[PDB]
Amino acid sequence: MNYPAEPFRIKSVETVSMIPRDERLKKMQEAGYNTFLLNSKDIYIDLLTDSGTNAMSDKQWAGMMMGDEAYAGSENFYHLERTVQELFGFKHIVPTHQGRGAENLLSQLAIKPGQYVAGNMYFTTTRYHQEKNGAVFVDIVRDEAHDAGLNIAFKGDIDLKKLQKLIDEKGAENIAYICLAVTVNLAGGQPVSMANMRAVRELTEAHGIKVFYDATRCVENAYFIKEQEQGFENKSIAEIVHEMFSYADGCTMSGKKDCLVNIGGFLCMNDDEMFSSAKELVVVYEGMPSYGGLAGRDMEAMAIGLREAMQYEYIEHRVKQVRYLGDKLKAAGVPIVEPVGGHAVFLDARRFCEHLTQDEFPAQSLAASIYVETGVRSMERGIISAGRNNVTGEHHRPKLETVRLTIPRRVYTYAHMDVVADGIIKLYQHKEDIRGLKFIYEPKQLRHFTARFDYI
């Protein structure tokens, strides 16, 4: 089916409600026109992020009651370890409270100052942690991933020619590692093909370069592989996931996405020495190698969640619900990044706000207008998030200037998607009304989280 019914039913609910437009106007201004700064109770449908906002199952809530809260050697850590070893096939695991805790560890463990890290498109926390440890980030994603309107499969693939050029020009020894993300968040939640994963393994292995996956949305990625990559139509999601990670030396994971939890992450690796070093560092920032800044009950819920995520009907519906929202938006001519990704519809604010230049922050302003007009919260994924160039002080200027309608797993229905689409479509009819913004307060890094703006 184009659009399957939910492969689950509702066990428990939380209410939603909408404050009137006059009040939303005030709230948007109080938040300095940054949706990050709005309060949860003032939001009707919260599409800021699919991170940590997921609905857990009855089985996970059973796990929540069985936390072994020991400071060291918790049974829940061992359940998590066994599960990740079985499903991902990595030798070793260090839990972290969430994904950027794992990025902090990886970056300190695997980067020498002066080295290059090459990735399939930047990510905000990921790039900050690479740069603060002395690395230069090099984008090796295929060109197509920066082309918003282009409807092509596997937009997240690395261009092997860009990888080869980095190697030839800078030398393999000067490359800390390749960061391969599945899916690619800022490209629109775009998947990477198994073919590309295998090809990257082969090239890097030949030159002795390590490859660490960002595994955060690896199950959405696995779904696209099953759906679209020839040869995989009859493989299980679990088989796909396991093969994906066989092409990697380790991974960072925010469990707050595809592990279907509200908190949690981990760092994996095959190398014994790196594992030892990781454990020496985890106690500095996170907690013991057997809790990593998580309560025992959360290691448990994460272990259970990862295994649930492998169910075909669950992930098919997950992805197709997002696709449904995108299809409704397209049917009305609303410009979006194509194809629709695993976790979100990305409005293309470059097209939506043609009357604004990127320097007046059209994505940031569009996200504010969406809230004011509909009570829906969405996220800036453009020039603000991209941050400043750490050598020149200028904005990084991504080609993609987008607003992310991000869907938490198992929280909303198609009726909620219809409400979102209807509201965005009405706003599009008067898109010329959206005004440019300027900074009135800009943090020194990861500025999108807490920046404040005013209208031009």
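Note that residue numbering begins at 1 and tracks the sequence as displayed.
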- Selected stretch [higher average CA B-factor]: 141-149 or 300-308: 141-149
- Name the higher of the two by mean Cα B-factor in the PDB entry, 224-232 versus 94-102. 224-232
- Task: From the list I336, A187, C259, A195, select the residue with the highest C-alpha B factor recorded in the entry.
- Result: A195
- Quick one: which of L109, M288, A363, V319 has the biggest Cα B-factor according to the entry? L109
- Message: Split into thirds by Cα B-factor across the chain's modelled residues, where does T183 land: lowest, middle or highest?
- Response: lowest
- Chain thirds by Cα B factor, record data; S378 belongs to the lowest
- Would you check the entry's CA temperature factor for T125 and let me know if it's in the chain's lowest, middle or highest third? lowest
- In terms of the CA temperature factor given in the entry, to which third of its chain does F453 belong: lowest, middle or highest? middle
- Note on the structure: Assert third(CA B-factor, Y78) within chain per record equals middle
